[PDB]
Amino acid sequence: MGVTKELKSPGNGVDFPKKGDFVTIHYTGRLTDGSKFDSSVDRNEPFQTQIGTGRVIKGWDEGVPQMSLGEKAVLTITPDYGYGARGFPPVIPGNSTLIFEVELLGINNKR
């Protein structure tokens, strides 16, 4: 639907993020033309957030819990599950499909 997850590197296949859990990921976002618009990897600063509570775009809220701990995957997100038709120009153009590289580094106190 609005977001598809495609695995790249498997995790422990046991620990999955649940609602309320605080998740720690390293990511890179790209538009459909292949150009990068944001990356935590470039800053060497992993991003931390609660995941079941709509604190991020739906693409992350739905996609991330489908990953296991230590998994690397690519989240392909429609504008609907993303920043919509408005977007956030010039940072993110309107009606943009987002392709994230995502690495789940931690779930609560797991790592």
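A residue's number is simply how far along the shown sequence it sits, counting from 1.
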#### Entry: Of 48-56 and 66-74, the stretch whose C-alpha atoms average the higher B-factor in the entry
66-74
### Query
Looking only at CA atoms, which has the higher mean B factor in the entry: 4-12 or 101-109?
4-12
### Message
Can you tell me whether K36 has a C-alpha B-factor in the lowest, middle or highest third compared with the other modelled residues of the same chain?
### Response
highest
## Note on the structure
Of the three thirds of the chain ranked by Cα temperature factor, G29 occupies the middle
